[PDB]
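Everything on this sheet refers to the single structure shown next.
Positions of Cβ are generated from backbone atoms using ideal geometry, with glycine treated the same way; all protein chains shown enter the neighbour counts. Nothing in this text is a laboratory measurement; each read-out follows from the coordinates by a stated rule.
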Amino acid sequence: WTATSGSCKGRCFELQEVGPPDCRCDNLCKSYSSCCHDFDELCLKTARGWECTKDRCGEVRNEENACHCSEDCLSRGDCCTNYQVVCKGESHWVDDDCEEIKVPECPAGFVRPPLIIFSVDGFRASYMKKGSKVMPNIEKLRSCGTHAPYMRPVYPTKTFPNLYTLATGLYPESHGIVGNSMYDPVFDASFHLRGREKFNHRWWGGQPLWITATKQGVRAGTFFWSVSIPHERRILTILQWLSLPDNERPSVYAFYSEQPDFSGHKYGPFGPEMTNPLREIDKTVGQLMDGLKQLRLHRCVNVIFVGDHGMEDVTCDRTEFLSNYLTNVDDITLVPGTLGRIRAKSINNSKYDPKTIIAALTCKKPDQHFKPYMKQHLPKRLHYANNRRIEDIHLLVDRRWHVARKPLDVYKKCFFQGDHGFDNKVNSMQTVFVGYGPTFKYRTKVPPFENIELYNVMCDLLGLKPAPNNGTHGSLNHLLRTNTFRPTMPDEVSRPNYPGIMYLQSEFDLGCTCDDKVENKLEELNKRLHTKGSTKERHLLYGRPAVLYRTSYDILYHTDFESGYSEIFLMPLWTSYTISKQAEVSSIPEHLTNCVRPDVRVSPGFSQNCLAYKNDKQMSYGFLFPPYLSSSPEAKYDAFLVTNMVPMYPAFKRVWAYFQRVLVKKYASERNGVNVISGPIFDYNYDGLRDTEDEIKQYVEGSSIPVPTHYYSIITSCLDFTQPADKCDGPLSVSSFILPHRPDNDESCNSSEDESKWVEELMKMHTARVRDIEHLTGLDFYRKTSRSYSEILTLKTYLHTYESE
Ligand SMILES: *[C@@H]1O[C@H](CO)[C@@H](O[C@@H]2O[C@H](CO)[C@@H](O[C@@H]3O[C@H](CO[C@H]4O[C@H](CO)[C@@H](O)[C@H](O[C@H]5O[C@H](CO)[C@@H](O)[C@H](O)[C@@H]5O[C@H]5O[C@H](CO)[C@@H](O)[C@H](O)[C@@H]5O)[C@@H]4O)[C@@H](O)[C@H](O[C@H]4O[C@H](CO)[C@@H](O)[C@H](O)[C@@H]4O[C@H]4O[C@H](CO)[C@@H](O)[C@H](O)[C@@H]4O)[C@@H]3O)[C@H](O)[C@H]2NC(C)=O)[C@H](O)[C@H]1NC(C)=O
Ligand SMILES: COc1ccccc1C1CCN(C(=O)c2cn(CC(=O)N(C)C)c3cc(Cl)c(C)cc23)CC1
Ligand SMILES: [Ca+2]
Ligand SMILES: [Cl-]
Ligand code: NA
Ligand code: NA
Ligand SMILES: [Zn+2]
């Protein structure tokens, strides 16, 4: 109930919201059907439109007008944004040369530069170049301030998940808004775009910027605008709030455009009808900037122009139908469109079976345009699993397609020509970022970055301490002139042991054998220096990774590689080795095919055994440093140490062998040497975080050898590839992956072919940030470089995407 009989006189766009059943005059009242009877009349004036004309100049203040051109308007804060241009001989903001803003130039009583967030739905990154002729205001912000060629959205590249990710620094799996439509089984309730349920606070996790601001005494006012309030009125209202007395005036503002997304759905991302919505958004930006110039705030305010996601070409005839794959298509509920999520239609159905559903959806048609996954098998870069609202069965849909349950769902619902929601690495889904103001850099281009990083920077810009989030604070310091946040490296928690030779061969009873019984003082002092770490500056280029949790581990040195060997998990946490461009691939000698050798630095009780692998009919083993890349036949023996062995499914050894035998050398040749760090990952509860031992769900049969859910590799070289990986003076270049450790290759439809036709495509799909690997392992990499820490934070957030330009 609202008793809508109260009045909005003197209250238009009030900043504190009043409680029921008192009527409201704030910018969201419409959306709640709670505005006072006179809100439209008083608060939403339209008379004479939005601009001044020559003959309005100096007029008698008529309060009925939408905005004013009277003489008192400047100090009333309510002029039309073009007032000074039309009536006072001034120029539009876009026509002025840009001049570096070295310091904030603010009026008396401003404690900090205000932040204005200009957010645009569906604004695809390539619009900046392709629409540049019709967006002069946006182009000036772009070229004069700081910009990225694009910003990466989160998955799914839908509106609600991304806008709330922008606001919280959080992955959708942690903030709770995992789709535009959701079912929460604990609530037993559904969330939808259309309707009132999306208003209930229990859906919304984390702590969005407006709450973070409020809690730390920065005034945020009211960010969100009921949909029918026109853009011009939003802009005028922001400008009016900026004229409030210091004690009442917010420090952060937001504007939101439903465009160009609204038109992009209808006409496609590059339909000829798209030029007009771009012009219109530019005009709105021009109004804001002219309005700021009027208030003398145009060299005071920090403006962020930012999008939620792009837009792809998608038509109804590119729809895959699940009825063409499943017989039982009525026992399922599908969330459909540019992603798919499947659950059982009825909880009382124990005839429902996820395994049979996945299998029926797996490589069934030759050009199939979606791929089923159990959510825990999705690429780890998507961070899309650890939420009860994310259904177990997920369909990653190819760009340009839709998935639907039955054809009737599409025509009892071609209308649309655009859509979004696809994998967040897809070019058409990329979006924009521009920062302009005293705190941003002048005329600076920065590399693409993920939208999860922005919350920390918005906090920096406002002097706030960010709530805990998924950004890496400091990774975007290079966008800023000042207010940088100066992070320190985490402290190492566990120190390694450096074991020497402590055990005799006969003390091991591992069931392992090796044909290695063949016999010189020159080369004997050699192998001693090698086991003491004499080649370690070769193979460990950036210092050893720090272990950030409590555990017991040994550093092991070898001619060709160095490892941090975990006495708890009985395998390395990490193995580090450098392959120069000149290096040669040899094969495994025949006599050494099943060779596994005891490591006399490591006790039997902290070693794996070969017997367990023999008994375990599903599981085989691999090595972290590959025998193929040994520097000499004698060094090869080291690669067969039981301390270099890790458990691997035979299906997975196909992937791993191809990567080690073929790809590592190829990367070394192309990148002028590479440093490699590889190791296992255990993430049985799919939370993106290292498992403790009591979380491991699977062991090599009859043993305490834990089975990794994934294997990672981090491959670093010199950004300037004229310098070899081991002698680099400047910035680094990285690519990484987190390969799922699976007992089959069902994920790759062409896996019955030669690895040269499918393995690399699998790896690219499972591309990762070093940061993702750090969360999954509790390790901290790049501890000792000559590079600044902020630059190294940027490198750890890099994702190599394998899209073209
Ligand atoms: C990305 O960044 C985020 C943010 O930093 C990272 O997420 C954090 O990770 C922490 C570790 O997983 C986690 O810390 C735990 O907090 C527990 C209390 O949680 C509540 O309080 C916070 C603070 O206000 C709040 O944010 C939480 O909100 C969650 O839940 C509500 C709904 O219930 C949602 O609205 C909201 O979106 C959010 O959901 C997400 O998180 C939960 C888990 O918290 C997921 O299940 C959801 O799916 C969703 O993803 C909560 O309201 C606290 O109780 C924990 O303590 C346990 O462990 C410690 C060890 O230190 C130990 O002392 C205790 O034994 C305790 O265990 C007991 O509870 C167990 C569970 O029932 C039980 O099994 C045991 O037997 C014990 O009884 C713990 O400290 C933190 O909550 C989240 N924060 C957020 C916002 O998600 C995320 O990790 C980063 N991601 C990556 C990939 O890096
Ligand atoms: C970059 O933007 C930042 C950054 C930080 C803090 C805040 C912001 C913006 C986000 C967008 N802003 C909005 O007004 C929103 C408009 N919609 C669409 C809508 O309501 N419909 C029915 C289509 C939203 C949806 C969500 Cl889920 C959210 C969380 C916000 C909005 C303004 C504030
Ligand atoms: Ca985990
Ligand atoms: Cl969705
Ligand atoms: Na076996
Ligand atoms: Na296959
Ligand atoms: Zn849309």
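Using the structure shown, list the pairs from 365/653; 30/88; 380/536; 45/266 with a Cα-Cα distance above 29 Å, or answer none. Pairs exceeding 29 Å: 30/88; 380/536; 45/266.
Taking other residues whose beta carbon is less than 12 angstrom from the beta carbon of residue 717, and scoring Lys, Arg as +1 and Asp, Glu as -1, yields 0.
Measuring from each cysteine beta-carbon in the chain, the ones with no other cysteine beta-carbon under 4.7 angstrom are 459. In whole angstrom, the stretch 509-558 maps to an equivalent ellipsoid with semi-axes of 27, 20, 9, each derived as √(5λ) from the alpha carbon gyration tensor and ordered largest first.
Please enumerate, by chain and number, the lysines with C-alpha under 16 Å from the C-alpha of residue 441, excluding those fewer than 8 residues away in the same chain. Hits, sequence-local ones excluded: 102, 140. Between 91, 384, 618, whose Cα lies farthest towards the positive end of the dipole of the chain when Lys and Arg beta carbons carry +1 and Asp and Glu beta carbons carry -1, centred on the Cα centre? Selected residue: 91.
The alpha-carbon of residue 581 sits under 19 angstrom from the alpha-carbons of these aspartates and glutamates, leaving out residues fewer than 8 places away in its chain: 537, 560, 670, 720, 726, 729.
Each 10 Å bin, from zero up to the one with the longest distance, holds this percent of the alpha carbon pairs of the stretch 352-441: 12, 35, 33, 12, 6, 3. Highest mean packing comes first when the peptides 353-365, 653-665, 161-173 are listed by Cβ atoms within 10 Å, giving 161-173, 653-665, 353-365.
Rounded to the nearest 500, the helix-only mean residue ellipticity at 222 nm of the chain stands at -5500 deg cm²/dmol, with each DSSP H run of n ≥ 4 adding -39,500 (n - 2.57). What's the Kirkwood radius of the chain in Å, using all Cα pairs? Hydrodynamic radius (Kirkwood, Cα only) of the chain equals 29.5 Å. Extending 7 Å from the Cα toward the beta-carbon at both residue 510 and residue 594 defines two label points whose distance is 1.6 nm. What percent of all Cα-Cα pairs in the stretch 292-343 falls into each 5 Å bin, going from 0 up to the bin containing the maximum distance? In whole percents, the pair-distance histogram is 4, 12, 15, 13, 9, 7, 7, 5, 6, 8, 6, 5, 3, 0. A simple count of charges around residue 664, restricted to other residues whose Cβ falls under 14 Å of its Cβ and scoring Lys, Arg +1 and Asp, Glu -1, yields 0.
What trypsin sites (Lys or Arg not before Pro) does the stretch 2-56 have in DSSP loop regions with at most 15 other beta carbons within 10 Å? Passing both the DSSP loop test and the Cβ count: 9.
Database remark: amide H of residue 622 closer than 5 angstrom to the amide H of 646, 648 (H placed geometrically; neighbours at sequence offset of 5 or more, or on other chains; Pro and chain starts carry no H).
Applying both filters, DSSP loop and at most 11 other Cβ atoms within 10 Å, to the chymotrypsin sites (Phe, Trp or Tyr not before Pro) of the stretch 256-311 eliminates every site. Here the residues 729, 121, 392, ranked from fewest to most Cβ neighbours within 10 Å of their Cβ, fall in the order 729, 392, 121. Both radii come from the Cα set of the stretch 700-758: Rg as radius of gyration, Rh as Kirkwood radius; their ratio Rg/Rh reads 1.17. Cross-link partners for residue 371 among the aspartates and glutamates, with Cα-Cα distance under 13 Å and sequence neighbours closer than 8 places in the same chain left out: 320, 398, 423, 746, 747.
For the stretch 24-31, putting each phi into the Karplus relation 6.51 cos²θ - 1.76 cosθ + 1.60 with θ = phi - 60° gives couplings of 10, 10, 7, 5, 10, 3, 3, 5 Hz, in residue order, rounded to whole numbers and with x for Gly and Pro. Reported to the nearest whole Å, the Cα centre-to-centre distance from the stretch 713-767 to the stretch 280-297 is 47. Can you figure out the FRET efficiency of residue 61 with residue 783, using R₀ = 56 Å and their beta-carbon distance, to the nearest 0.05? After rounding to 0.05, the efficiency reads 0.25. The mean sequence distance of close C-alpha pairs (under 8 Å, at least 6 residues apart), as a share of the length of the stretch 222-326, puts its relative contact order at 27 percent. The length gained by stretching the chain between residue 71 and residue 360 to full extension, at 0.36 nm per residue less their Cα-Cα distance, is 96.7 nm. Dimensions of the stretch 133-177 along the principal axes, based on C-alpha atoms and rounded to the nearest Å, stand at 38, 19, 15, largest first. Counting only Cα atoms, the size of the stretch 80-144 along its three principal axes is 40, 31, 24 Å, in decreasing order.
Scanning residues 5 or more positions from residue 733 or on other chains, those with amide H under 5 Å from its amide H are 717, 718, 719, with H placed 1.01 Å from N in the peptide plane.
Amide H to amide H, with H built 1.01 Å from N, residue 124 comes under 5 Å of 311, counting only residues 5 or more places away or on other chains.
Using every pair of separate Cα atoms, the Kirkwood estimate puts the hydrodynamic radius of the stretch 1-109 at 16.5 angstrom.
Between residue 102 and residue 693, the modelled labels are 6.2 nm apart [label points 7 Å from Cα along Cα→Cβ]. Count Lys and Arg as plus one, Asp and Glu as minus one, and take only other residues whose Cβ is under 12 Å from that of residue 253; the net charge is then +3. Each of 519, 258 has some number of other Cβ atoms within 10 Å of its Cβ, and from fewest to most they run 519, 258. Report the GluC sites (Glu not before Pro) located in the stretch 563-638 that are in a DSSP loop and have at most 12 other Cβ atoms inside 10 Å of their Cβ, or state none. Listed in order of number, the matching sites are 584. Projecting the Cα positions of 230, 211, 253 onto the charge dipole of the stretch 202-287 (unit charges on Cβ atoms of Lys, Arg, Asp and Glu, taken about the Cα centre) puts 211 furthest along the positive direction.
Along the stretch 484-497 the Karplus relation, 6.51 cos²θ - 1.76 cosθ + 1.60 evaluated at θ = phi - 60°, assigns HN-Hα couplings of 4, 10, 9, x, 10, 5, x, 6, 4, 9, 9, 8, x, 8 Hz to successive residues, with x for each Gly and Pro.
Each Cα pair under 8 Å and six or more residues apart adds its separation to the average, and for the stretch 754-801 the resulting relative contact order is 53 percent.
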